[PDB]
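Shown next, in structure tokens, is the structure this report addresses.
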Amino acid sequence: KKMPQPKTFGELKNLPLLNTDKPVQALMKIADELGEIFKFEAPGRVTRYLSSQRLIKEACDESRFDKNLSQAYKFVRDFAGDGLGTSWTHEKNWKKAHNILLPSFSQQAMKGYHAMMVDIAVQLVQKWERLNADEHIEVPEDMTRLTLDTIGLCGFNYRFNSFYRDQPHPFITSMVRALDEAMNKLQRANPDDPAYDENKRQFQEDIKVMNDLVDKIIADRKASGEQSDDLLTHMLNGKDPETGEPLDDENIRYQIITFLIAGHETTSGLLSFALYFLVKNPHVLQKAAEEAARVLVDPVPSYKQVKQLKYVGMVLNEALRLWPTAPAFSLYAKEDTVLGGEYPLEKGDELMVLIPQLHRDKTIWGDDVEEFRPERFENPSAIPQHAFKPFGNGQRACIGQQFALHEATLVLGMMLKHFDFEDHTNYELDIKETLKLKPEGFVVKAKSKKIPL
Ligand code: HEM
């Protein structure tokens, strides 16, 4: 069986297809016309994009495939180091950090972070309470303020104070430039070219900004001895049950940088896509608003109250079905194997899981796959294995899934409790692609229900 392949550009093969502002969306269109699998070649590089549950069910077999670092995350590693997201499974510090960090990311551990998530959520609500009549809300911009600040507070008890400023904290500024520089290197034909020599100076400066701040807070915390409810405390007190060793101060720094990279843009995008689908689907918004009002009976939401926001949780999952904000992940074959009984792979062959296309597999979801219907998730046990993968797969799945969903349910719950929303511009969906997806330019007007918090 020979594999489909999109149009080629002579000696560049398929690489110019990714020289665009919206690569994932272009890859989705390629998948529409070529089907569940297609070969994608580049100068000295070959991968295969998978879109169907039948094949991705096999790619998620951990005995046959392990996480691969895409070229994007190899560049990100220049400042995320061997934190969890940019380390290979076989690296000593992956398993060690995984064993140490896993209990601090459980559903149960969310009880400890709850109060500090509420702290930033109340700031978001009060900001919107304090808008004048004419004014509107820049949704992704404000959601990103919240998620950066929430990860800052719960990650290492640091306040970026994003709601007090127009230009973000220098760390946030340096991190976004670093991610941006790592992204631009993907489509950069000439290395070492002097036009980017300043890009390299800025990169090294941005790395130092990030490292200086994180190393100082770690050092300050070690001298202090203070015990807080943050991940930094757990990392300073944790030991790997396997090796018996703790994480050293450098890898702890890479973990903190990792949480901010991995968590802030994905969770921001989810809240923004969720609010977008709600205003485009007023019957769903009303149903979710009715739940928010019924459950959140106190001025400040409790951890137990957030767990009762079931429909809000279904809204978040349906937003993740349509636009998973971390839209692709890479795998490699551990040994020679046959995929789907018709595609032979050699040891080391790479695969890409195109999550937005998986989530549109009509044989799983039916024919209305493009419709926003959270009720698709009223009985999750009916969904076949590996059909819904917004948080990746296996031991290399998202360690922050419970943190992300608890924050998003908390924040969207309070939003629906406190405001009615207006799609005052009839916003047309425009999905900007960094390494993550978000709706660009999405704006709304909020009218307060005047409920004290
Ligand atoms: C809100 C939506 C989020 C989505 C959709 C998401 C998505 C993902 C995905 C798809 C992966 C697997 C990547 C791969 O296979 O290469 C991953 C891994 C990871 N995520 Fe998340 N994420 C979210 C939020 C967060 C948050 C809040 C945190 C931390 C506070 C976080 C931290 C991580 C880390 C550390 C890993 C690497 C795990 C490992 O390999 O050991 N993410 N995430």
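A note on labels: chains of the structure tokens are A, B, ... as shown, every chain counts residues from 1, and ligands are counted from 1 in their shown order.
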Report task. Tell me which protein, DNA and RNA residues are within 12 Å of residue 110 of chain A, counting only C-alpha atoms, leaving out same-chain ones fewer than 6 positions away, and put them as an NGL selection string. Result -> :A and (103-104 or 116-118 or 154 or 229-231 or 302-304 or 306-307 or 400-407 or 410)
For those residues, write C-alpha atoms to a file as a short mmCIF file (atom, residue, chain, number, x, y, z; two decimals), in the first residue's frame.
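Saved file result.cif follows:
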```cif
data_model
loop_
_atom_site.label_atom_id
_atom_site.label_comp_id
_atom_site.auth_asym_id
_atom_site.auth_seq_id
_atom_site.Cartn_x
_atom_site.Cartn_y
_atom_site.Cartn_z
CA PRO A 103 1.56 13.86 42.90
CA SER A 104 1.64 17.65 42.81
CA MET A 116 -4.52 31.02 44.43
CA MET A 117 -6.47 30.28 41.24
CA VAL A 118 -9.43 32.11 42.79
CA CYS A 154 0.78 28.33 41.87
CA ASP A 229 1.31 25.89 48.53
CA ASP A 230 3.27 26.11 45.26
CA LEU A 231 5.01 23.63 42.98
CA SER A 302 -15.03 26.43 46.40
CA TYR A 303 -13.04 23.43 45.05
CA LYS A 304 -16.11 21.14 45.49
CA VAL A 306 -15.94 23.71 40.62
CA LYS A 307 -16.19 19.85 40.45
CA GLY A 400 -1.10 19.72 33.88
CA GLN A 401 -4.42 18.42 32.53
CA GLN A 402 -6.14 18.54 35.94
CA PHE A 403 -4.67 21.99 36.63
CA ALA A 404 -5.76 23.27 33.23
CA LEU A 405 -9.29 21.95 33.49
CA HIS A 406 -9.75 23.08 37.09
CA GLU A 407 -8.64 26.60 36.22
CA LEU A 410 -13.35 27.79 37.66
#
```
Requested in this report: Excluding residue 399 of chain A and residues on its chain fewer than 4 positions from it, collect all residues at most 12 Å away from it, counting only C-alpha atoms, and give them as a VMD selection string.
Outcome: chain A and resid 83 to 85 97 to 107 255 258 to 259 262 to 263 391 to 395 403 to 405
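The environment of segment 16-23 of chain A within 10 Å, counting only C-alpha atoms and disregarding residues fewer than 5 places along the same chain, consists of residues 6, 7, 8, 9, 28, 29, 30, 40, 42, 186, 187, 188, 431, 432, 433, 434, 435 and 437 of chain A.
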Serialized selection, C-alpha atoms, as a CSV table (one decimal), in the first residue's frame:
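Below is the file that was written, selection.csv:
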```csv
chain,number,residue,atom,x,y,z
A,6,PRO,CA,0.8,16.4,-0.8
A,7,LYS,CA,2.3,18.6,-3.7
A,8,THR,CA,6.1,18.8,-3.8
A,9,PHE,CA,8.5,21.7,-4.5
A,28,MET,CA,-5.8,19.9,8.1
A,29,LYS,CA,-6.8,20.8,4.6
A,30,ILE,CA,-4.2,18.4,3.2
A,40,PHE,CA,5.4,14.6,4.4
A,42,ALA,CA,11.6,17.8,3.7
A,186,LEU,CA,11.5,26.6,11.8
A,187,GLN,CA,11.0,28.5,8.5
A,188,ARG,CA,14.5,30.1,8.3
A,431,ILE,CA,-7.2,31.2,14.4
A,432,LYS,CA,-3.7,32.5,15.0
A,433,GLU,CA,-0.9,29.8,15.2
A,434,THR,CA,2.1,30.1,17.4
A,435,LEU,CA,3.1,26.7,18.6
A,437,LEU,CA,-3.9,27.9,18.6
```
Report task. Apply DSSP to the structure's backbone, then extract all residues of segment 38-211 of chain A labelled strand (DSSP E or B) and return them as a ChimeraX atom specification. Result -> /A:38-42,45-50,65-68,137-138
**Report entry** helix (DSSP H, G or I) call set, DSSP backbone run, segment 230-400 of chain A, as an MDAnalysis selection string
**Finding:** chainID A and resid 231:237 249:279 282:295 303:307 310:322 355:358 362:365 374:377 380:382 394:396
Report task. Select, from A:296, A:369, A:133, A:271, the residue with the minimum atom-to-atom distance to ligand 1, counting only C-alpha atoms and all ligand atoms. Result ->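 When distances to ligand 1 are compared using only C-alpha atoms and all ligand atoms, the smallest one comes from A:271.
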Query raised in the report: To one decimal place, how far is atom CA of residue 253 of chain A from atom CA of residue 202 of chain A in Å?
Result: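 That distance, rounded to one decimal, is 20.2 Å.
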Query raised in the report: What lies within 9 Å of residue 56 of chain A using only C-alpha atoms, ignoring chain neighbours under 5 positions off, as a VMD selection string?
Result: chain A and resid 50 to 51 61 353 358 386 to 387
Query raised in the report: With distances taken over only C-alpha atoms, which of A:69, A:287, A:345, A:181 is nearest to residue 196 of chain A?
Result: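 Distance minimum relative to residue 196 of chain A lands on A:181.
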Query raised in the report: Taking into account only C-alpha atoms and all ligand atoms, which residue in the set A:341, A:194, A:324, A:380 is nearest to ligand 1?
Result: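 Ranked by minimum distance to ligand 1, first place goes to A:324.
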Name the residues in contact with residue 438 of chain A at a cut-off of 8 Å, using only C-alpha atoms, excluding same-chain residues fewer than 2 positions from it; report them as a JSON list (two decimals) with N, CA and C atoms, in the first residue's frame.
```json
[["chain", "number", "residue", "atom", "x", "y", "z"],
["A", 140, "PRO", "N", -8.63, 36.87, 24.28],
["A", 140, "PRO", "CA", -7.38, 36.10, 24.46],
["A", 140, "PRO", "C", -6.37, 36.86, 25.30],
["A", 268, "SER", "N", -5.13, 29.56, 27.98],
["A", 268, "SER", "CA", -5.67, 30.80, 27.43],
["A", 268, "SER", "C", -6.52, 30.54, 26.19],
["A", 269, "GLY", "N", -5.97, 29.81, 25.24],
["A", 269, "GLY", "CA", -6.71, 29.52, 24.03],
["A", 269, "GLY", "C", -8.00, 28.75, 24.30],
["A", 270, "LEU", "N", -7.96, 27.79, 25.22],
["A", 270, "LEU", "CA", -9.16, 27.01, 25.53],
["A", 270, "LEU", "C", -10.28, 27.91, 26.05],
["A", 272, "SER", "N", -10.65, 31.05, 25.54],
["A", 272, "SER", "CA", -11.09, 31.95, 24.49],
["A", 272, "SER", "C", -11.96, 31.22, 23.47],
["A", 273, "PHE", "N", -11.54, 30.02, 23.02],
["A", 273, "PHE", "CA", -12.37, 29.23, 22.11],
["A", 273, "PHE", "C", -13.69, 28.86, 22.76],
["A", 325, "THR", "N", -5.79, 23.17, 21.68],
["A", 325, "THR", "CA", -4.91, 24.33, 21.60],
["A", 325, "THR", "C", -3.45, 23.96, 21.49],
["A", 431, "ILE", "N", -8.00, 32.02, 13.47],
["A", 431, "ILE", "CA", -7.20, 31.22, 14.39],
["A", 431, "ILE", "C", -5.73, 31.50, 14.12],
["A", 432, "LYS", "N", -5.09, 32.19, 15.06],
["A", 432, "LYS", "CA", -3.66, 32.45, 15.01],
["A", 432, "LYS", "C", -2.88, 31.26, 15.53],
["A", 433, "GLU", "N", -1.76, 30.95, 14.87],
["A", 433, "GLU", "CA", -0.94, 29.80, 15.23],
["A", 433, "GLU", "C", 0.42, 30.30, 15.65],
["A", 436, "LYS", "N", 0.83, 27.16, 19.44],
["A", 436, "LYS", "CA", -0.48, 26.85, 19.97],
["A", 436, "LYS", "C", -1.52, 27.57, 19.12],
["A", 440, "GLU", "N", -7.75, 34.96, 17.15],
["A", 440, "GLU", "CA", -7.16, 36.29, 17.16],
["A", 440, "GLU", "C", -8.24, 37.35, 16.99]]
```
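Minimum atom-to-atom distances from A:239, A:95, A:221, A:48 to ligand 1 were compared using only C-alpha atoms and all ligand atoms, and the lowest value belongs to A:95.
Each of A:378, A:367, A:33, A:318 was compared to residue 4 of chain A using only C-alpha atoms, and A:33 turns out to be the nearest.
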**Report entry** Spatial neighbours of residue 372 of chain A, max dist 12 Å, only C-alpha atoms, sep filter under 3 positions, as a ChimeraX atom specification
**Finding:** /A:273-285,314-323,360,365,368-369,375-377
Suppose we keep N, CA and C atoms; can you now write the selection as a PDB file, in the first residue's frame?
```
ATOM      1  N   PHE A 273     -11.538  30.025  23.021  1.00  0.00           N
ATOM      2  CA  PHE A 273     -12.368  29.232  22.106  1.00  0.00           C
ATOM      3  C   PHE A 273     -13.689  28.858  22.763  1.00  0.00           C
ATOM      4  N   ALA A 274     -13.656  28.506  24.050  1.00  0.00           N
ATOM      5  CA  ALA A 274     -14.887  28.157  24.757  1.00  0.00           C
ATOM      6  C   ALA A 274     -15.858  29.340  24.791  1.00  0.00           C
ATOM      7  N   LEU A 275     -15.379  30.532  25.171  1.00  0.00           N
ATOM      8  CA  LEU A 275     -16.252  31.705  25.171  1.00  0.00           C
ATOM      9  C   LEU A 275     -16.731  32.046  23.762  1.00  0.00           C
ATOM     10  N   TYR A 276     -15.875  31.846  22.756  1.00  0.00           N
ATOM     11  CA  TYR A 276     -16.298  32.052  21.376  1.00  0.00           C
ATOM     12  C   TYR A 276     -17.454  31.127  21.014  1.00  0.00           C
ATOM     13  N   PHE A 277     -17.323  29.831  21.305  1.00  0.00           N
ATOM     14  CA  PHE A 277     -18.407  28.926  20.955  1.00  0.00           C
ATOM     15  C   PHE A 277     -19.679  29.252  21.724  1.00  0.00           C
ATOM     16  N   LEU A 278     -19.547  29.744  22.953  1.00  0.00           N
ATOM     17  CA  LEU A 278     -20.727  30.047  23.741  1.00  0.00           C
ATOM     18  C   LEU A 278     -21.516  31.208  23.137  1.00  0.00           C
ATOM     19  N   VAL A 279     -20.833  32.296  22.748  1.00  0.00           N
ATOM     20  CA  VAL A 279     -21.560  33.444  22.207  1.00  0.00           C
ATOM     21  C   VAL A 279     -22.106  33.125  20.824  1.00  0.00           C
ATOM     22  N   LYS A 280     -21.455  32.227  20.072  1.00  0.00           N
ATOM     23  CA  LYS A 280     -22.014  31.782  18.800  1.00  0.00           C
ATOM     24  C   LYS A 280     -23.128  30.756  18.968  1.00  0.00           C
ATOM     25  N   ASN A 281     -23.377  30.286  20.187  1.00  0.00           N
ATOM     26  CA  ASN A 281     -24.361  29.233  20.455  1.00  0.00           C
ATOM     27  C   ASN A 281     -25.155  29.587  21.713  1.00  0.00           C
ATOM     28  N   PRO A 282     -26.018  30.617  21.631  1.00  0.00           N
ATOM     29  CA  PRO A 282     -26.671  31.157  22.844  1.00  0.00           C
ATOM     30  C   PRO A 282     -27.466  30.150  23.663  1.00  0.00           C
ATOM     31  N   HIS A 283     -28.043  29.110  23.051  1.00  0.00           N
ATOM     32  CA  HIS A 283     -28.735  28.096  23.849  1.00  0.00           C
ATOM     33  C   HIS A 283     -27.762  27.335  24.755  1.00  0.00           C
ATOM     34  N   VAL A 284     -26.561  27.034  24.259  1.00  0.00           N
ATOM     35  CA  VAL A 284     -25.546  26.380  25.087  1.00  0.00           C
ATOM     36  C   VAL A 284     -25.066  27.324  26.197  1.00  0.00           C
ATOM     37  N   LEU A 285     -24.849  28.608  25.873  1.00  0.00           N
ATOM     38  CA  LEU A 285     -24.441  29.588  26.886  1.00  0.00           C
ATOM     39  C   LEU A 285     -25.472  29.689  28.007  1.00  0.00           C
ATOM     40  N   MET A 314     -18.184  19.891  30.197  1.00  0.00           N
ATOM     41  CA  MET A 314     -18.493  19.388  28.856  1.00  0.00           C
ATOM     42  C   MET A 314     -18.266  20.458  27.784  1.00  0.00           C
ATOM     43  N   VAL A 315     -18.603  21.715  28.094  1.00  0.00           N
ATOM     44  CA  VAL A 315     -18.323  22.829  27.183  1.00  0.00           C
ATOM     45  C   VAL A 315     -16.826  22.922  26.900  1.00  0.00           C
ATOM     46  N   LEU A 316     -16.006  22.765  27.941  1.00  0.00           N
ATOM     47  CA  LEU A 316     -14.561  22.836  27.759  1.00  0.00           C
ATOM     48  C   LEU A 316     -14.060  21.675  26.904  1.00  0.00           C
ATOM     49  N   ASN A 317     -14.630  20.484  27.091  1.00  0.00           N
ATOM     50  CA  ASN A 317     -14.175  19.346  26.294  1.00  0.00           C
ATOM     51  C   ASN A 317     -14.590  19.496  24.830  1.00  0.00           C
ATOM     52  N   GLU A 318     -15.786  20.035  24.577  1.00  0.00           N
ATOM     53  CA  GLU A 318     -16.208  20.229  23.194  1.00  0.00           C
ATOM     54  C   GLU A 318     -15.418  21.354  22.529  1.00  0.00           C
ATOM     55  N   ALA A 319     -15.012  22.370  23.293  1.00  0.00           N
ATOM     56  CA  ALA A 319     -14.105  23.360  22.726  1.00  0.00           C
ATOM     57  C   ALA A 319     -12.760  22.732  22.392  1.00  0.00           C
ATOM     58  N   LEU A 320     -12.270  21.832  23.258  1.00  0.00           N
ATOM     59  CA  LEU A 320     -11.025  21.123  22.981  1.00  0.00           C
ATOM     60  C   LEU A 320     -11.180  20.123  21.840  1.00  0.00           C
ATOM     61  N   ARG A 321     -12.369  19.563  21.653  1.00  0.00           N
ATOM     62  CA  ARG A 321     -12.545  18.682  20.511  1.00  0.00           C
ATOM     63  C   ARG A 321     -12.314  19.450  19.215  1.00  0.00           C
ATOM     64  N   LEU A 322     -12.971  20.606  19.065  1.00  0.00           N
ATOM     65  CA  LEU A 322     -12.913  21.326  17.797  1.00  0.00           C
ATOM     66  C   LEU A 322     -11.563  22.016  17.591  1.00  0.00           C
ATOM     67  N   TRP A 323     -11.017  22.646  18.628  1.00  0.00           N
ATOM     68  CA  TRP A 323      -9.758  23.381  18.496  1.00  0.00           C
ATOM     69  C   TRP A 323      -8.827  23.050  19.653  1.00  0.00           C
ATOM     70  N   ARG A 360     -12.301  15.206  14.228  1.00  0.00           N
ATOM     71  CA  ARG A 360     -13.332  15.330  13.203  1.00  0.00           C
ATOM     72  C   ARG A 360     -13.576  14.003  12.487  1.00  0.00           C
ATOM     73  N   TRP A 365     -17.591  10.386  15.654  1.00  0.00           N
ATOM     74  CA  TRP A 365     -18.455  11.411  16.211  1.00  0.00           C
ATOM     75  C   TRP A 365     -19.760  11.562  15.443  1.00  0.00           C
ATOM     76  N   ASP A 368     -22.143  15.290  12.111  1.00  0.00           N
ATOM     77  CA  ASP A 368     -22.192  16.694  12.509  1.00  0.00           C
ATOM     78  C   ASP A 368     -20.921  17.142  13.216  1.00  0.00           C
ATOM     79  N   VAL A 369     -19.739  16.685  12.774  1.00  0.00           N
ATOM     80  CA  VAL A 369     -18.516  16.894  13.558  1.00  0.00           C
ATOM     81  C   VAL A 369     -18.160  18.357  13.702  1.00  0.00           C
ATOM     82  N   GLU A 375     -23.058  18.200  24.661  1.00  0.00           N
ATOM     83  CA  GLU A 375     -23.759  16.980  25.035  1.00  0.00           C
ATOM     84  C   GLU A 375     -23.116  15.742  24.444  1.00  0.00           C
ATOM     85  N   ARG A 376     -22.227  15.887  23.453  1.00  0.00           N
ATOM     86  CA  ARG A 376     -21.427  14.748  23.004  1.00  0.00           C
ATOM     87  C   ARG A 376     -20.700  14.067  24.144  1.00  0.00           C
ATOM     88  N   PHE A 377     -20.469  14.775  25.246  1.00  0.00           N
ATOM     89  CA  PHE A 377     -19.699  14.247  26.357  1.00  0.00           C
ATOM     90  C   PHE A 377     -20.565  13.898  27.565  1.00  0.00           C
TER      91      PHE A 377
END
```
Report task. Please provide as number ranges by chain all residues within 8 Å of residue 422 of chain A, with the sequence filter that same-chain residues fewer than 4 positions apart are discarded (counting only C-alpha atoms). Result -> A: 279, 444-446
Show me a table, sorted first by chain and then by increasing residue number, of the residues of segment 126-228 of chain A having an atom at most 8 Å from segment 73-82 of chain A, each with its shortest atom pair and the distance in Å to one decimal, counting only C-alpha atoms and written as CSV.
```
residue,atom,partner,partner_atom,distance
A:178,CA,A:76,CA,7.9
A:179,CA,A:76,CA,6.7
A:182,CA,A:75,CA,5.3
A:183,CA,A:75,CA,7.9
A:185,CA,A:75,CA,7.9
A:207,CA,A:79,CA,6.0
```
Query - Which of A:443, A:301, A:379, A:451 sits closest to residue 411 of chain A [using only C-alpha atoms] - result: A:301
